[PDB]
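Undergrad: the data below comprise the sequence and an experimental structure of the protein.
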Amino acid sequence: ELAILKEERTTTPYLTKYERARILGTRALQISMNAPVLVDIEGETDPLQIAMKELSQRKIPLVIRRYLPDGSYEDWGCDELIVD
Amino acid sequence: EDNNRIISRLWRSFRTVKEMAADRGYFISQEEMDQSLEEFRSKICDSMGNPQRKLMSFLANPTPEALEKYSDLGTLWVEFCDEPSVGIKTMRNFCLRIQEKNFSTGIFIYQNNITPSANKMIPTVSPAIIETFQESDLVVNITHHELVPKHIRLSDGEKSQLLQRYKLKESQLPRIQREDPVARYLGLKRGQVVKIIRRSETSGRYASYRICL
Amino acid sequence: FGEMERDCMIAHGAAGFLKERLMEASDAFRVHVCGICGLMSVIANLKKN
Amino acid sequence: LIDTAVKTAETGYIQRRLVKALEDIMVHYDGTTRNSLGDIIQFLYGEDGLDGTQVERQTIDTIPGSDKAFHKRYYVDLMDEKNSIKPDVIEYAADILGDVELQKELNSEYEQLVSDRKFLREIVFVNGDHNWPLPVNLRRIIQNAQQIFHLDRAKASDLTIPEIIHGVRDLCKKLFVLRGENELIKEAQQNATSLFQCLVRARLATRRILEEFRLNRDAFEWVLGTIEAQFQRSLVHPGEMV
Ligand SMILES: [Zn+2]
């Protein structure tokens, strides 16, 4: 109802630090309770290391929903936000 | 002697009144604005060297551009009062004088004070708008001062566009008060948004809006 | 955990750390409330559901 | 010891009043700095969108100096031999003296710089203090471009002037603080960055590129890209309890 389509999105396309933080945290929390990991698991076992290793090669499947001030929002995929 | 200082005060007041009548959108020819002092002493003072306020009133018609951009603008009537402590008497007859020609806005400059019982005689002149000012106030034009930036009143639509760009309601803007010298210099009413263009030393030119009440 | 440290953990922005420090690591509690009146005066019983 | 015993608690309570007064002012996803319920406090945060840890004191070359020295620094005249670009710094120095096509460009650019001179000198910095905080350290990028590409010497350049003027002119408009295509957003995008455009136009003018920095082509492109990247990295972050 209040959403904005995929041509009228006008928020900045850069992954901010808070967003990065919550992505790493939540993805690590999922990797811990036995969830499918989507890279080549090798010489690191800490879940945060694995989450950052995924964020480097862009494989994280989540949706940012940025709430605009008055009540609308926008939906960005975590694999098109330009990771700095 | 003491004559020239009074004459100078009245002169500066009249000039400020004209510039105020010029920034609000009306039309004043340059023969009237660039009046020097010998014309003032020769055309206002009696042979005694003393003023006649009833020879300083005038009418003002709007320009075409201001008529197009701002639609609700009639004519302007400017009359300096005569009596010193303006009571009920001059206020009532003045109200009749505005209710006679059916003009839209009048300026009743007083001298020292206005009585409150006559200060109730302002919502009795509708649909016109009577706006009072003291004389000792308008000796200095507050707009040539350093600090005060430019204030530009907006039209009807542009306001709607501004409320669409930010997705707002008219109550969620920085406000200005109805009695605030640069808010009656332009003659504001409840619901009109003035635009301000302030200087800034981090980006040079910063445009900031402000609403009235 | 004074108010000033709260102000600092607001200055950093870690909202989850604050929601933790002021809940789990202190005093969590559960209340059954109604939806018409809106008061904590619900008489509840669990093993009988 | 008595005064020390007195003032500290006073200052503490003062700080408690300040913090309890200012603790709900956020930076929403489009530059507005609204409180808890929408009273736009500042229409654009900090008047420019920048952060606070990212600005550094820099000098704006245009403001100071005399008119004869300013003219000696920025003016270019391709017609007369004595006041043109030196021949031993550019290879193509034989295909130049005479083509008005380009004296047009140079004249327009110099007039623009005069407009910046009068603007910044008259309206904003009245006293003329030419040292103010701004983002993106230009000189470090310059000498980095010199080190990485060995560009020292003793050699003539190969850079064409239309790539210079059209390079800077096509750069100054890719610096985005507010996005969208409504007219208000475009004007706000114009005003939000004016001092910085006066800085870039103040530094990278032609003689101060082919007669003092002596860049070539690859390094020039690398530099423009670097400026864009850093300026895009040095913005405020929506969600910042300022
Ligand atoms: Zn109930």
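TA: Arrived safely. Numbers count the residues shown, from 1 in each chain, chains lettered A, B, ... in the order given.
Undergrad: find the closest residue to chain A in chain B.
TA: Going by Cβ to the nearest Cβ, chain A is nearest to residue B:167 of chain B, at 4.8 Å. All C-beta atoms are positioned from the backbone trio N, CA, C, and that covers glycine.
Undergrad: burial of the closest residue to that residue other than its chain neighbours, as a residue count?
TA: With sequence-adjacent residues excluded and distances taken as Cβ to Cβ, 6 or more residues apart in numbering or on different chains, residue B:167 is closest to residue A:70, at 4.8 Å. Counted with other Cβ atoms under 10 Å in any protein chain shown, residues neighbouring residue A:70 total 14.
Undergrad: same deal with residue D:201?
TA: So residue D:201, with other Cβ under 10 Å, has 18 neighbours.
Undergrad: you'd agree it is up against residue D:110?
TA: No: using Cβ atoms under 8 Å, residue D:201 is not in contact with residue D:110; the gap is 10.8 Å.
Undergrad: helices of chain D, start to end?
TA: D:2-21, D:67-74, D:100-119, D:138-148, D:161-171, D:183-192, D:195-203, D:207-210, D:218-233 (DSSP state H).
Undergrad: for residue A:23, helix, strand, or coil?
TA: Classification of residue A:23 using DSSP: H, G, I helix; E, B strand; the rest coil returns helix.
Undergrad: picking up where we left off before, do you know how far the residue nearest to residue B:167 is from residue A:6?
TA: Separation of residue A:70 from residue A:6 (Cβ to Cβ, to the nearest Å): 20 Å.
Undergrad: residue A:54 should be in a helix, yeah?
TA: Yes: using three-state DSSP, the assignment for residue A:54 is a helix.
Undergrad: what ranges do the helices span in chain B?
TA: Using DSSP H, the helices of chain B run over residues B:2-23, B:30-33, B:37-44, B:64-69, B:88-101, B:116-119, B:156-166, B:181-184.
Undergrad: spatially nearest residue to residue D:230, not counting backbone neighbours?
TA: In space, residue D:230 is closest to residue D:136, 5.0 Å off (Cβ to Cβ, 6+ apart).
Undergrad: can you name the residue of chain A nearest to chain C?
TA: As assessed by Cβ to the nearest Cβ, chain C sits closest to residue A:18 within chain A, at 6.1 Å.
Undergrad: one more: chain B?
TA: Closest residue of chain B to chain C, Cβ to the nearest Cβ: residue B:202 (22.4 Å).
Undergrad: wait, what's in contact with that residue?
TA: By Cβ atoms under 8 Å, 6 or more residues apart in numbering or on different chains, the contact set of residue B:202 is D:46, D:47, D:48, D:50, D:133, D:195.
Undergrad: against residue D:185, how distant is the closest residue to chain B within chain A?
TA: Per Cβ to the nearest Cβ, the residue of chain A with the smallest distance to chain B is residue A:70, at 4.8 Å. Going from residue A:70 to residue D:185 by Cβ to Cβ gives 17 Å.
Undergrad: kindly report the same for residue A:7.
TA: Applying Cβ to Cβ, the value for residue A:7 to residue D:185 is 16 Å.
Undergrad: just residue D:110 next, same as before
TA: 31 Å.
Undergrad: just residue A:13 next, same as before
TA: Applying Cβ to Cβ to residue A:13 and residue D:185 gives a distance of 16 Å.
Undergrad: residue D:149 too?
TA: Residue D:149 is 38 Å from residue D:185, by Cβ to Cβ.
Undergrad: distance of the nearest residue to residue D:83 once chain neighbours are set aside relative to chain B?
TA: Closest residue to residue D:83 apart from its sequence neighbours, by Cβ to Cβ, 6+ apart: residue D:77 at 4.5 Å. Using Cβ to the nearest Cβ, to the nearest Å, residue D:77 is found at 31 Å from chain B.
Undergrad: neighbours of residue D:77, just the number please.
TA: For residue D:77, the neighbour count with other Cβ under 10 Å is 14.
Undergrad: contacting residues around it?
TA: D:83, D:84, D:103.
Undergrad: okay if I get those residues as TSV plus neighbour count?
TA: TSV is the format used below for the contacts of residue D:77 (neighbours: other Cβ atoms under 10 Å in any protein chain shown):
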residue	neighbour count
D:83	12
D:84	14
D:103	14
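Undergrad: isn't residue A:23 right up against residue A:60?
TA: Yes: between residue A:23 and residue A:60 there is a contact under Cβ under 8 Å: 6.4 Å.
Undergrad: common neighbours of the two, please.
TA: A:51, A:78.
Undergrad: please tell me how far the residue nearest to residue D:83 sits from residue B:107.
TA: Per Cβ to Cβ, residue D:77 is found 59 Å from residue B:107.
Undergrad: swap in residue B:164?
TA: When distance is defined by Cβ to Cβ, residue B:164 is 36 Å away from residue B:107.
Undergrad: which one's more surrounded, the two?
TA: Set residue B:164 next to residue B:107 and count neighbours by other Cβ under 10 Å: residue B:107 wins out with 20 against 11.
Undergrad: what's the more buried one in contact with, if anything?
TA: When contacts are counted by Cβ under 8 Å, 6+ apart, residue B:107 touches B:17, B:76, B:77, B:78, B:79, B:131, B:132, B:133.
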